[PDB]
$ cat entry02.txt   # compact mmCIF, C-alpha atoms
# COMPACT_ATOMS: atom_id res chain seq x y z
CA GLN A 66 -26.66 110.66 -26.40
CA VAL A 67 -24.28 113.32 -27.81
CA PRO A 68 -21.76 112.95 -30.71
CA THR A 69 -18.07 113.66 -29.94
CA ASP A 70 -16.61 115.17 -33.16
CA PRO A 71 -13.11 116.76 -33.47
CA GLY A 72 -12.64 120.48 -32.77
CA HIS A 73 -10.52 123.65 -32.66
CA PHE A 74 -7.39 124.67 -30.70
CA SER A 75 -7.91 124.12 -26.99
CA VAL A 76 -5.61 123.20 -24.10
CA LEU A 77 -5.68 122.90 -20.32
CA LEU A 78 -2.81 123.58 -17.95
CA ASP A 79 -2.31 122.86 -14.31
CA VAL A 80 -0.99 126.10 -12.82
CA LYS A 81 -2.34 125.70 -9.32
CA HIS A 82 0.90 126.88 -7.68
CA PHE A 83 0.67 130.31 -9.31
CA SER A 84 -1.76 133.13 -8.60
CA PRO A 85 -3.56 135.02 -11.41
CA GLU A 86 -1.00 137.82 -10.96
CA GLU A 87 1.78 135.33 -11.71
CA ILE A 88 0.51 134.11 -15.05
CA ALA A 89 0.83 135.81 -18.44
CA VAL A 90 -0.77 134.54 -21.63
CA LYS A 91 0.17 136.12 -24.95
CA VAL A 92 -0.10 135.69 -28.70
CA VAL A 93 3.19 136.23 -30.50
CA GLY A 94 2.90 135.65 -34.23
CA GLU A 95 1.69 132.10 -34.82
CA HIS A 96 2.19 131.14 -31.16
CA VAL A 97 0.35 131.38 -27.86
CA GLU A 98 2.77 131.66 -24.99
CA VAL A 99 2.26 131.04 -21.30
CA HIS A 100 4.65 132.37 -18.71
CA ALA A 101 4.32 131.67 -15.03
CA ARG A 102 6.62 132.71 -12.23
CA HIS A 103 6.42 133.12 -8.48
CA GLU A 104 9.05 134.40 -6.07
CA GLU A 105 10.18 132.25 -3.18
CA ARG A 106 7.45 131.59 -0.62
CA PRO A 107 7.12 129.05 2.21
CA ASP A 108 5.07 125.88 1.81
CA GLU A 109 4.65 122.65 3.82
CA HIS A 110 8.21 121.44 3.22
CA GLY A 111 10.28 124.63 3.32
CA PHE A 112 10.68 127.23 0.58
CA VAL A 113 10.05 127.10 -3.14
CA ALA A 114 10.25 129.34 -6.22
CA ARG A 115 8.81 128.30 -9.58
CA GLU A 116 8.86 129.36 -13.19
CA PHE A 117 7.83 127.86 -16.51
CA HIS A 118 7.18 128.94 -20.09
CA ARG A 119 5.13 127.14 -22.70
CA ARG A 120 4.72 127.76 -26.39
CA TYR A 121 2.09 126.28 -28.69
CA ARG A 122 2.00 126.77 -32.45
CA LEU A 123 -1.45 127.95 -33.50
CA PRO A 124 -2.80 125.69 -36.25
CA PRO A 125 -3.40 127.15 -39.72
CA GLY A 126 -6.92 128.57 -40.12
CA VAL A 127 -6.96 129.87 -36.58
CA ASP A 128 -7.45 133.60 -35.90
CA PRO A 129 -4.72 134.72 -33.46
CA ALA A 130 -7.09 137.57 -32.55
CA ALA A 131 -9.80 135.30 -31.14
CA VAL A 132 -7.61 133.46 -28.66
CA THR A 133 -9.27 133.43 -25.23
CA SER A 134 -8.08 132.18 -21.87
CA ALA A 135 -9.57 131.45 -18.47
CA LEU A 136 -8.46 130.29 -15.04
CA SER A 137 -10.47 128.04 -12.77
CA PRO A 138 -10.48 128.23 -8.93
CA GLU A 139 -8.64 124.91 -8.83
CA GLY A 140 -5.76 126.33 -10.88
CA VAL A 141 -6.67 125.07 -14.30
CA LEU A 142 -5.71 127.33 -17.17
CA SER A 143 -7.53 126.98 -20.48
CA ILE A 144 -6.67 128.58 -23.80
CA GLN A 145 -9.02 128.32 -26.74
CA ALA A 146 -8.61 129.48 -30.33
CA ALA A 147 -11.61 129.52 -32.69
CA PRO A 148 -11.13 129.20 -36.46
CA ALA A 149 -11.09 132.41 -38.52
CA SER A 150 -14.39 133.49 -40.06
CA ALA A 151 -16.33 136.38 -41.62
CA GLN A 152 -17.06 139.12 -39.08
CA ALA A 153 -20.65 139.63 -37.88
CA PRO A 154 -22.86 141.38 -35.33
CA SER B 59 0.79 85.36 -9.54
CA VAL B 60 -0.25 86.14 -5.96
CA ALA B 61 -0.96 89.70 -4.90
CA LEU B 62 1.06 90.74 -1.86
CA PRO B 63 -0.05 93.92 -0.06
CA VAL B 64 2.69 96.50 0.09
CA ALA B 65 4.19 97.30 3.49
CA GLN B 66 3.47 100.94 4.52
CA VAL B 67 6.46 102.83 5.95
CA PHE B 74 15.30 113.99 7.32
CA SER B 75 14.03 112.72 3.99
CA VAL B 76 12.56 114.43 0.96
CA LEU B 77 11.24 113.19 -2.34
CA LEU B 78 10.99 115.23 -5.51
CA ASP B 79 9.55 114.43 -8.91
CA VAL B 80 12.17 115.73 -11.35
CA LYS B 81 11.44 113.37 -14.25
CA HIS B 82 11.44 116.26 -16.74
CA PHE B 83 14.97 117.33 -15.88
CA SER B 84 18.13 115.62 -17.01
CA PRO B 85 20.32 114.61 -14.00
CA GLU B 86 22.79 117.30 -15.14
CA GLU B 87 20.12 120.01 -14.90
CA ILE B 88 19.82 119.49 -11.13
CA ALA B 89 21.99 120.94 -8.39
CA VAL B 90 21.79 120.02 -4.72
CA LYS B 91 23.83 121.69 -1.99
CA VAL B 92 23.88 122.30 1.76
CA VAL B 93 23.95 125.96 2.78
CA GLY B 94 24.48 126.41 6.51
CA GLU B 95 21.43 124.72 7.97
CA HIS B 96 19.53 124.48 4.68
CA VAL B 97 19.42 122.03 1.78
CA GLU B 98 18.85 123.61 -1.62
CA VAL B 99 17.71 122.07 -4.86
CA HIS B 100 17.81 123.89 -8.17
CA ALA B 101 16.56 122.54 -11.44
CA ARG B 102 16.32 124.18 -14.83
CA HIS B 103 16.00 123.35 -18.46
CA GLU B 104 15.80 125.47 -21.59
CA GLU B 105 12.98 125.40 -24.10
CA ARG B 106 12.57 121.94 -25.64
CA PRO B 107 9.70 120.35 -27.51
CA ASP B 108 7.30 117.92 -25.95
CA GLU B 109 3.97 116.43 -26.94
CA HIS B 110 2.06 119.68 -26.56
CA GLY B 111 4.48 122.23 -28.06
CA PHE B 112 7.49 123.73 -26.30
CA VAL B 113 8.39 124.15 -22.64
CA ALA B 114 11.09 125.46 -20.31
CA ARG B 115 11.12 124.90 -16.54
CA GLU B 116 12.83 126.04 -13.40
CA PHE B 117 12.47 125.78 -9.68
CA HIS B 118 14.41 126.33 -6.51
CA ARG B 119 13.60 124.59 -3.22
CA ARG B 120 15.00 125.07 0.28
CA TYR B 121 14.62 122.76 3.27
CA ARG B 122 15.57 123.33 6.89
CA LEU B 123 17.61 120.46 8.31
CA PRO B 124 16.15 119.12 11.56
CA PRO B 125 18.32 119.69 14.67
CA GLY B 126 21.05 117.12 15.33
CA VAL B 127 21.86 116.47 11.67
CA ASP B 128 25.37 117.24 10.43
CA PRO B 129 25.34 118.88 6.97
CA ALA B 130 28.09 116.38 6.03
CA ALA B 131 25.62 113.55 6.46
CA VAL B 132 23.36 114.86 3.69
CA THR B 133 23.30 112.61 0.65
CA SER B 134 21.12 112.52 -2.42
CA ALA B 135 20.15 110.03 -5.07
CA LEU B 136 18.18 109.90 -8.26
CA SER B 137 16.10 106.94 -9.33
CA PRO B 138 15.91 105.96 -13.04
CA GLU B 139 12.21 106.80 -12.71
CA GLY B 140 13.14 110.43 -12.08
CA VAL B 141 12.65 110.77 -8.36
CA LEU B 142 15.15 112.77 -6.37
CA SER B 143 15.64 111.75 -2.78
CA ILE B 144 17.66 113.63 -0.20
CA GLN B 145 18.41 111.99 3.12
CA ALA B 146 20.43 112.66 6.25
CA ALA B 147 21.49 110.56 9.25
CA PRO B 148 20.62 111.83 12.75
CA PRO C 58 40.18 135.83 5.02
CA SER C 59 37.73 134.54 2.40
CA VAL C 60 34.62 132.72 3.51
CA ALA C 61 34.16 129.26 1.96
CA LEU C 62 31.22 128.85 -0.42
CA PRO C 63 29.08 125.75 -0.93
CA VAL C 64 29.57 124.03 -4.29
CA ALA C 65 26.52 122.30 -5.73
CA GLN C 66 26.59 118.69 -6.98
CA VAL C 67 24.62 116.49 -9.38
CA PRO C 68 22.93 113.56 -7.59
CA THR C 69 23.81 109.84 -8.00
CA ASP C 70 21.65 106.68 -8.22
CA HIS C 73 17.03 102.25 -6.55
CA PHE C 74 13.49 101.89 -7.95
CA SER C 75 11.41 104.88 -6.81
CA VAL C 76 8.16 106.42 -8.06
CA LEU C 77 5.73 109.17 -7.06
CA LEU C 78 2.04 109.49 -7.79
CA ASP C 79 -0.50 112.19 -7.02
CA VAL C 80 -3.56 110.43 -5.63
CA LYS C 81 -5.03 113.25 -3.50
CA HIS C 82 -8.47 112.62 -5.02
CA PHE C 83 -8.66 109.28 -3.24
CA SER C 84 -8.67 108.59 0.46
CA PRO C 85 -6.11 106.13 1.92
CA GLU C 86 -8.71 103.35 2.23
CA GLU C 87 -9.58 103.87 -1.44
CA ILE C 88 -6.04 103.06 -2.51
CA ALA C 89 -4.50 99.63 -2.79
CA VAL C 90 -0.81 98.95 -3.40
CA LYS C 91 0.45 95.44 -4.00
CA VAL C 92 3.20 93.34 -5.51
CA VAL C 93 2.06 90.84 -8.12
CA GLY C 94 4.87 88.86 -9.66
CA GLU C 95 7.48 91.30 -10.94
CA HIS C 96 5.14 94.29 -10.92
CA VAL C 97 3.95 96.76 -8.32
CA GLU C 98 0.34 97.76 -8.75
CA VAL C 99 -1.73 100.69 -7.63
CA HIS C 100 -5.49 100.58 -7.66
CA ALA C 101 -7.64 103.47 -6.67
CA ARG C 102 -11.35 104.02 -6.90
CA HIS C 103 -13.97 106.30 -5.39
CA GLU C 104 -17.74 106.29 -5.81
CA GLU C 105 -19.51 109.35 -7.14
CA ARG C 106 -19.12 112.29 -4.74
CA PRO C 107 -20.00 115.94 -5.30
CA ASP C 108 -17.21 118.38 -6.16
CA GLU C 109 -16.75 121.93 -7.50
CA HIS C 110 -18.28 121.28 -10.92
CA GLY C 111 -20.92 118.70 -9.98
CA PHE C 112 -20.54 114.97 -9.40
CA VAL C 113 -17.53 112.83 -10.20
CA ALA C 114 -16.54 109.19 -9.78
CA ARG C 115 -12.95 108.11 -10.47
CA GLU C 116 -10.79 105.07 -10.98
CA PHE C 117 -7.04 104.80 -11.53
CA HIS C 118 -4.81 101.75 -12.11
CA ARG C 119 -1.06 101.68 -12.53
CA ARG C 120 1.47 98.89 -12.91
CA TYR C 121 5.23 99.32 -12.65
CA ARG C 122 7.61 96.61 -13.69
CA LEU C 123 10.14 96.05 -10.95
CA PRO C 124 13.75 96.21 -12.17
CA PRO C 125 15.93 93.05 -12.22
CA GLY C 126 17.73 92.00 -9.05
CA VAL C 127 15.08 93.78 -6.98
CA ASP C 128 13.08 91.42 -4.79
CA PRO C 129 9.33 91.98 -4.24
CA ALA C 130 9.98 91.42 -0.52
CA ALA C 131 11.68 94.81 -0.19
CA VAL C 132 8.95 97.02 -1.65
CA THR C 133 7.59 99.81 0.57
CA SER C 134 5.21 102.68 0.15
CA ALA C 135 4.34 105.86 1.90
CA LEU C 136 1.55 108.36 1.42
CA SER C 137 2.10 112.03 2.22
CA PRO C 138 -0.39 114.46 3.92
CA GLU C 139 -0.36 116.15 0.52
CA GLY C 140 -1.71 112.95 -1.05
CA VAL C 141 1.49 111.94 -2.81
CA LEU C 142 2.19 108.24 -3.01
CA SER C 143 5.77 107.03 -2.95
CA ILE C 144 6.82 103.45 -3.82
CA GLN C 145 10.40 102.25 -3.51
CA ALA C 146 12.46 99.07 -3.50
CA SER D 59 -16.43 163.83 -15.02
CA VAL D 60 -18.12 160.81 -13.43
CA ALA D 61 -17.53 157.08 -13.93
CA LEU D 62 -20.44 155.29 -15.59
CA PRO D 63 -21.18 151.60 -15.05
CA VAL D 64 -20.24 149.31 -17.95
CA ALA D 65 -22.16 146.07 -18.20
CA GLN D 66 -20.60 142.82 -19.37
CA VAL D 67 -23.33 140.86 -21.16
CA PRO D 68 -22.73 137.30 -22.46
CA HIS D 73 -25.25 129.32 -21.43
CA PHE D 74 -23.54 126.03 -20.55
CA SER D 75 -19.94 125.07 -21.42
CA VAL D 76 -17.38 122.77 -19.78
CA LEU D 77 -13.89 121.52 -20.60
CA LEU D 78 -12.22 118.26 -19.69
CA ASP D 79 -8.66 117.08 -20.04
CA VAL D 80 -8.79 113.85 -22.03
CA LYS D 81 -5.30 113.56 -23.48
CA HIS D 82 -4.47 110.20 -25.15
CA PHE D 83 -8.16 109.24 -24.96
CA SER D 84 -9.62 107.78 -28.13
CA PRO D 85 -13.06 109.15 -29.10
CA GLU D 86 -14.18 105.55 -28.77
CA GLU D 87 -13.05 105.71 -25.12
CA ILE D 88 -15.44 108.56 -24.36
CA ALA D 89 -19.22 108.60 -24.17
CA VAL D 90 -21.31 111.72 -23.54
CA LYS D 91 -25.06 111.64 -22.95
CA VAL D 92 -27.94 113.65 -21.56
CA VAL D 93 -29.84 111.89 -18.79
CA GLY D 94 -32.67 113.73 -17.06
CA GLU D 95 -31.61 117.13 -15.76
CA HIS D 96 -27.93 116.21 -16.11
CA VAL D 97 -25.12 115.76 -18.60
CA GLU D 98 -22.95 112.69 -18.11
CA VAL D 99 -19.43 111.93 -19.25
CA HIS D 100 -17.99 108.44 -19.08
CA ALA D 101 -14.43 107.94 -20.12
CA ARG D 102 -11.81 105.26 -19.71
CA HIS D 103 -8.38 104.98 -21.28
CA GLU D 104 -5.65 102.38 -21.13
CA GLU D 105 -2.09 102.47 -22.36
CA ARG D 106 1.41 101.35 -21.51
CA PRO D 107 3.40 104.48 -20.64
CA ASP D 108 6.44 102.24 -20.70
CA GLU D 109 6.72 98.81 -22.38
CA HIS D 110 6.38 96.73 -19.20
CA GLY D 111 4.11 99.23 -17.44
CA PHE D 112 0.37 99.84 -17.43
CA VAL D 113 -2.02 102.64 -16.61
CA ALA D 114 -5.80 102.86 -16.73
CA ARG D 115 -7.75 106.06 -16.16
CA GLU D 116 -11.52 106.06 -15.75
CA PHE D 117 -13.97 108.72 -14.66
CA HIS D 118 -17.68 109.37 -14.61
CA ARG D 119 -18.86 112.96 -14.36
CA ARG D 120 -22.37 114.32 -14.03
CA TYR D 121 -23.19 118.00 -14.45
CA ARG D 122 -26.44 119.64 -13.46
CA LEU D 123 -27.92 121.35 -16.51
CA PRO D 124 -28.98 125.01 -16.48
CA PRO D 125 -32.83 125.11 -16.20
CA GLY D 126 -34.68 124.37 -19.43
CA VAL D 127 -31.85 123.69 -21.86
CA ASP D 128 -33.19 121.43 -24.59
CA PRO D 129 -30.96 118.30 -24.82
CA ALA D 130 -31.03 118.69 -28.61
CA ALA D 131 -28.83 121.74 -28.01
CA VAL D 132 -26.31 119.72 -26.00
CA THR D 133 -23.32 119.25 -28.27
CA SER D 134 -19.74 118.09 -27.80
CA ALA D 135 -16.39 118.29 -29.54
CA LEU D 136 -12.84 117.06 -29.01
CA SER D 137 -9.73 119.17 -29.62
CA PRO D 138 -6.50 117.90 -31.32
CA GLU D 139 -4.68 118.69 -28.07
CA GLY D 140 -7.15 116.31 -26.42
CA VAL D 141 -9.59 118.62 -24.63
CA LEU D 142 -13.20 117.56 -24.58
CA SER D 143 -15.78 120.34 -24.63
CA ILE D 144 -19.51 120.16 -24.00
CA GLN D 145 -21.78 123.13 -24.71
CA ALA D 146 -25.50 123.84 -24.34
$ encode --input "entry02.txt" --output "structure tokens"
Amino acid sequence: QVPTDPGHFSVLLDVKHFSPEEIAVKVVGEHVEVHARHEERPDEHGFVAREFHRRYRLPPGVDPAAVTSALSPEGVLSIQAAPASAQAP
Amino acid sequence: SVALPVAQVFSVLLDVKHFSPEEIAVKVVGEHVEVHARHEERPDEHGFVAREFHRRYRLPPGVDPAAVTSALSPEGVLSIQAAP
Amino acid sequence: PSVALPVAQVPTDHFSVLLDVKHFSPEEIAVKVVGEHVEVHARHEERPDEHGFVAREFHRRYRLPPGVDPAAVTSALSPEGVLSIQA
Amino acid sequence: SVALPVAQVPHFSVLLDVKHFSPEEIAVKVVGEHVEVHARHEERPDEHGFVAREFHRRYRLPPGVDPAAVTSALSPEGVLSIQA
């Protein structure tokens, strides 16, 4: 038994069609952005080229400097943002 | 009522539910069918998003480019078909 | 002499949906008409995956549009695990 | 000059997409040498439509982790996290 309380900024994104070299994550002001693009390449059906951009407003209280991101083997992008707090060792 | 099992059955199907019908262009180029879709940044549930893609399909042999038609379901599925 | 250029067109208009069900095998998926709805029922028992063990279930109903008869509903399932239902 | 190795030194943590799920629709619990997540959500994506999504996930715990350390939280954007 484990309690499921509410938490901090955190999202997941399906980006399976893009390689790690085709994905950029950046903090611009109060926003995290995600930009993904791949040039035309063949797939099962024929040829395809894809691009998207996503912007999320960082909630108040959240340190834009502690935004982390990670990509899973299955093509799942996560971005997390902890809340600001007093620096420590 | 009574459950009826559903009968299992050039033709392509594309999920374009996020694009307005006007944001989608389909054309035959030589022996290829091309589909382009694009929309500018607009809010959704999560924040903001813009999208684009381009797809190309080779027409199978014995299919006149003039036969190629396309349709869009209210559910946002693009279908492109061609008579042999 | 100019060479003609293709001019792109916006597509025109029946009921048609797509679903990604790759996590289920064909025998784990059931598609049926019940009344004025099409239904999709998928389930798989716990099987190991990348992150450990997972069991899944998915259910979906679509209201069929007016004038469309349940007799004319068909489905297809792609090698890529995409389910298409039309009428 | 000669390159010197730099070590990266850092634990259990997983993330699950649970958008639209109510916290009442999710249960997390430690059972033996495993963490378990049971979740099921229903809604009507359109007025006459219906969707139900259910899953049951079990993760093998890293050796020795006291289940009193196993915590969980749910983000506003609907990501469930479990840490140990």
$ closest_residue --input "entry02.txt" --among "B:130, B:62, B:101, B:78" --to "residue 142 (chain B)" --atoms "all atoms listed in the file"
B:78
$ residues_near_point --input "entry02.txt" --point "(20.8, 114.4, 8.5)" --cutoff "10 Å" --atoms "all atoms listed in the file" --output "NGL selection string"
:B and (74-75 or 123-133 or 144-148)
$ axis_aligned_box --input "entry02.txt" --around "region 103-116 of chain A" --padding-each-side "6 Å" --output "JSON"
{"center_x": 7.7, "center_y": 127.9, "center_z": -4.7, "size_x": 18.0, "size_y": 25.0, "size_z": 29.0}
$ interface_residues --input "entry02.txt" --of "chain B" --to "chain D" --cutoff "12 Å" --atoms "all atoms listed in the file" --output "mmCIF file with C-alpha atoms, keeping the file's coordinate frame"
data_model
loop_
_atom_site.group_PDB
_atom_site.id
_atom_site.type_symbol
_atom_site.label_atom_id
_atom_site.label_comp_id
_atom_site.auth_asym_id
_atom_site.auth_seq_id
_atom_site.Cartn_x
_atom_site.Cartn_y
_atom_site.Cartn_z
ATOM 1 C CA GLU B 109 3.970 116.430 -26.940
ATOM 2 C CA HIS B 110 2.060 119.680 -26.560
ATOM 3 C CA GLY B 111 4.480 122.230 -28.060
ATOM 4 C CA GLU B 139 12.210 106.800 -12.710
#
$ closest_residue --input "entry02.txt" --among "D:143, D:75, D:66, D:59" --to "residue 90 (chain D)" --atoms "all atoms listed in the file"
D:143
$ closest_residue --input "entry02.txt" --among "C:127, C:136, C:146, C:114" --to "chain D" --atoms "all atoms listed in the file"
C:114
$ closest_atom_pairs --input "entry02.txt" --of "chain C" --to "chain D" --cutoff "12 Å" --atoms "only C-alpha atoms" --output "JSON lines"
{"residue": "C:78", "atom": "CA", "partner": "D:113", "partner_atom": "CA", "distance": 11.9}
{"residue": "C:82", "atom": "CA", "partner": "D:117", "partner_atom": "CA", "distance": 11.8}
{"residue": "C:95", "atom": "CA", "partner": "D:110", "partner_atom": "CA", "distance": 9.9}
{"residue": "C:96", "atom": "CA", "partner": "D:111", "partner_atom": "CA", "distance": 8.2}
{"residue": "C:97", "atom": "CA", "partner": "D:111", "partner_atom": "CA", "distance": 9.4}
{"residue": "C:98", "atom": "CA", "partner": "D:112", "partner_atom": "CA", "distance": 8.9}
{"residue": "C:99", "atom": "CA", "partner": "D:113", "partner_atom": "CA", "distance": 9.2}
{"residue": "C:100", "atom": "CA", "partner": "D:114", "partner_atom": "CA", "distance": 9.4}
{"residue": "C:101", "atom": "CA", "partner": "D:115", "partner_atom": "CA", "distance": 9.8}
{"residue": "C:102", "atom": "CA", "partner": "D:116", "partner_atom": "CA", "distance": 9.1}
{"residue": "C:103", "atom": "CA", "partner": "D:117", "partner_atom": "CA", "distance": 9.6}
{"residue": "C:104", "atom": "CA", "partner": "D:118", "partner_atom": "CA", "distance": 9.3}
{"residue": "C:105", "atom": "CA", "partner": "D:118", "partner_atom": "CA", "distance": 7.7}
{"residue": "C:106", "atom": "CA", "partner": "D:119", "partner_atom": "CA", "distance": 9.6}
{"residue": "C:107", "atom": "CA", "partner": "D:120", "partner_atom": "CA", "distance": 9.2}
{"residue": "C:108", "atom": "CA", "partner": "D:119", "partner_atom": "CA", "distance": 10.0}
{"residue": "C:109", "atom": "CA", "partner": "D:121", "partner_atom": "CA", "distance": 10.3}
{"residue": "C:110", "atom": "CA", "partner": "D:121", "partner_atom": "CA", "distance": 6.9}
{"residue": "C:111", "atom": "CA", "partner": "D:121", "partner_atom": "CA", "distance": 5.1}
{"residue": "C:112", "atom": "CA", "partner": "D:120", "partner_atom": "CA", "distance": 5.0}
{"residue": "C:113", "atom": "CA", "partner": "D:119", "partner_atom": "CA", "distance": 4.4}
{"residue": "C:114", "atom": "CA", "partner": "D:118", "partner_atom": "CA", "distance": 5.0}
{"residue": "C:115", "atom": "CA", "partner": "D:117", "partner_atom": "CA", "distance": 4.4}
{"residue": "C:116", "atom": "CA", "partner": "D:116", "partner_atom": "CA", "distance": 4.9}
{"residue": "C:117", "atom": "CA", "partner": "D:115", "partner_atom": "CA", "distance": 4.9}
{"residue": "C:118", "atom": "CA", "partner": "D:114", "partner_atom": "CA", "distance": 4.9}
{"residue": "C:119", "atom": "CA", "partner": "D:113", "partner_atom": "CA", "distance": 4.3}
{"residue": "C:120", "atom": "CA", "partner": "D:112", "partner_atom": "CA", "distance": 4.7}
{"residue": "C:121", "atom": "CA", "partner": "D:111", "partner_atom": "CA", "distance": 4.9}
{"residue": "C:122", "atom": "CA", "partner": "D:110", "partner_atom": "CA", "distance": 5.6}
{"residue": "C:123", "atom": "CA", "partner": "D:110", "partner_atom": "CA", "distance": 9.1}
{"residue": "C:124", "atom": "CA", "partner": "D:110", "partner_atom": "CA", "distance": 10.2}
$ decode --input "entry02.txt" --residues "region 79-103 of chain A" --atoms "C-alpha atoms" --output "PDB file, in the first residue's frame"
ATOM      1  CA  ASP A  79       5.628   9.587 -27.647  1.00  0.00           C
ATOM      2  CA  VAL A  80       8.483  10.421 -30.021  1.00  0.00           C
ATOM      3  CA  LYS A  81       9.230   6.931 -31.242  1.00  0.00           C
ATOM      4  CA  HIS A  82       9.571   8.028 -34.883  1.00  0.00           C
ATOM      5  CA  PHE A  83      12.501  10.311 -34.093  1.00  0.00           C
ATOM      6  CA  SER A  84      16.044   9.386 -33.103  1.00  0.00           C
ATOM      7  CA  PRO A  85      17.844  11.080 -30.172  1.00  0.00           C
ATOM      8  CA  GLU A  86      19.683  13.236 -32.738  1.00  0.00           C
ATOM      9  CA  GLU A  87      16.327  14.509 -34.003  1.00  0.00           C
ATOM     10  CA  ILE A  88      14.971  15.780 -30.712  1.00  0.00           C
ATOM     11  CA  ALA A  89      15.786  19.054 -28.958  1.00  0.00           C
ATOM     12  CA  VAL A  90      14.528  20.017 -25.525  1.00  0.00           C
ATOM     13  CA  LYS A  91      15.038  23.559 -24.263  1.00  0.00           C
ATOM     14  CA  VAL A  92      14.016  25.998 -21.556  1.00  0.00           C
ATOM     15  CA  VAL A  93      13.092  29.416 -22.904  1.00  0.00           C
ATOM     16  CA  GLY A  94      11.930  31.778 -20.183  1.00  0.00           C
ATOM     17  CA  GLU A  95       8.928  30.236 -18.432  1.00  0.00           C
ATOM     18  CA  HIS A  96       8.578  27.503 -21.077  1.00  0.00           C
ATOM     19  CA  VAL A  97      10.043  24.100 -21.885  1.00  0.00           C
ATOM     20  CA  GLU A  98      10.060  23.503 -25.604  1.00  0.00           C
ATOM     21  CA  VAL A  99      10.363  20.277 -27.545  1.00  0.00           C
ATOM     22  CA  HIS A 100      11.302  20.239 -31.188  1.00  0.00           C
ATOM     23  CA  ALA A 101      11.473  17.100 -33.254  1.00  0.00           C
ATOM     24  CA  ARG A 102      12.216  16.756 -36.937  1.00  0.00           C
ATOM     25  CA  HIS A 103      13.383  14.033 -39.283  1.00  0.00           C
TER      26      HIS A 103
END
